[PDB]
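Here is the structure we will look at.
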Amino acid sequence: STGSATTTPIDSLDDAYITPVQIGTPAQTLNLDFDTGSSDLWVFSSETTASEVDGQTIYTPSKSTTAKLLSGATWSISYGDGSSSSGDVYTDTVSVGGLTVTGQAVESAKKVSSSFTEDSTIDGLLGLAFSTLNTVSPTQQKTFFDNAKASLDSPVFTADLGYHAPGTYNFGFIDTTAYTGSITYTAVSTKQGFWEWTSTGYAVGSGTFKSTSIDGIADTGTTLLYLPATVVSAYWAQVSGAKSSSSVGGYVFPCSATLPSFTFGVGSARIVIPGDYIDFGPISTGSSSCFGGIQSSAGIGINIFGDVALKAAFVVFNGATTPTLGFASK
Ligand code: NA
């Protein structure tokens, strides 16, 4: 089997992407944030504290003929941005882009933090990191990908995120029409439960490529590119008037600037992030200070190849017995 679903930016900045997901019988369609940096499929629900719901579509298990309480199971998760959610668990039928899994753990939120409530466009998360990170207790649950894997034509999914445009998540196949050139595959460590890999270096604009190992994770659920402070300083030094602002929480730059591209290495291959991808617009409405899309990972404890990086590539998440990542230009 295969599946193919379109993923759509939630706003004009590509702050996140939502993908429609069918849950239950009859189907309840919720728009979920597919997150290769976490391993829980959780949803706003009929159980969510009413004051914490503001515009989201909810899953109502009582209206699904295939829903069953997973008795005793609870979940609770905290993300890198400080957001959180928790609740109980049902199993139900979940379909993505025509690919169906029966018996998927659907984590029903009883509580969500303010950032979730305030985002009316995201109805929950669908985790695509390794199932070792899943938070369900006392019986850890599998991700949608891990449950689908054995049925797929190939044990893979691909992320093809758009810049200010829709893109695609495919399950079970490579769309050879969706990228240019060849795919370069690179090793993955699953030791921390992430799609963790090592980039071979970087370049700023038209500058020379710096060969250096950068360990980080491929994380579709993170908006920005978080890299070591040395790398990030080297990038923003090429933008007149850019500076790190402790008050704003990262590098800012004049909205009048034209940003240089950023290149990262994948083995001997190179992915180029156009400068425009690194502009996250005014820090507050009407400001002439703009927020940068490349930020320091110092204090986060890991480098993160978030959407800024991933949307410059066609990315293969190879879940074969030895997982690997692939990157192609597009
Ligand atoms: Na922000």
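Numbers and lists here come from the model and the stated rules, or from a named source; no laboratory instrument gave them. Here Cβ is always computed from backbone atoms with ideal geometry, including for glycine, and neighbour counts include all displayed protein chains.
Annotations
- Members of the stretch 307-330 found to be in a loop (DSSP other than H, G, I, E, B) and more than 16 Å from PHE194 (Cβ to Cβ), listed by number: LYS311, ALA312, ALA313, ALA320, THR321, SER329, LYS330
- Applying a threshold of 7 Å to beta carbon distances and a minimum spacing of six or more residues, or different chains, the list of pairs starting in the stretch 196-211 at a residue that is farther than 10 Å from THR263 by Cβ and ending at one that is among the hydrophobic types (A, V, I, L, M, F, W, C) and assigned to a loop (DSSP other than H, G, I, E, B) reads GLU196/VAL188; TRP197/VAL188.
- Residue count for the stretch 248-274, restricted to those that are away from the ligand (no atom under 13 Å from the Cβ) and surrounded by fewer than 18 Cβ atoms within 10 Å (Cβ to Cβ): 10
- Some residue of the stretch 44-55 being in a strand (DSSP E or B) and touching a residue at least 60 places away in the same chain (Cβ under 8 Å): yes
- Against the criterion of being in contact (Cβ under 8 Å) with a residue 24 or more places away in the chain, within 16 Å of the ligand (Cβ to nearest atom), not in a strand (DSSP E or B) and not charged (D, E, K, R), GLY37 does not qualify.
- Among the residues of the stretch 8-33, those identified as in a loop (DSSP other than H, G, I, E, B), more than 16 Å from the ligand (Cβ to nearest atom) and not polar (S, T, N, Q) are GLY24, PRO26, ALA27.
- Unmet criterion (only one of (1) under 26 Å from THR190 (Cα atoms); (2) of a type outside the set (S, T, N, Q); (3) assigned to a strand (DSSP E or B)) for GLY87: (1)
- Screening the candidates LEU161, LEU128 for the property of being hydrophobic (A, V, I, L, M, F, W, C) and in contact with a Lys or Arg (Cβ under 6 Å, 6 or more places away or on another chain) yields one hit, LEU161.
- Residue match in the stretch 279-295 (condition: crowded, with 22+ Cβ neighbours inside 10 Å, β-branched (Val, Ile, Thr), more than 16 Å from the ligand (Cβ to nearest atom) and under 30 Å from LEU125 (Cα atoms)): no
- Of the strands (runs of 3 or more DSSP E) lying entirely inside the stretch 237-306, the ones with 3 or more residues being outside the structural domain of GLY82 (by CATH) and touching a residue at least 60 places away in the same chain (Cβ under 8 Å) are found at 262-266, 294-296, 303-305.
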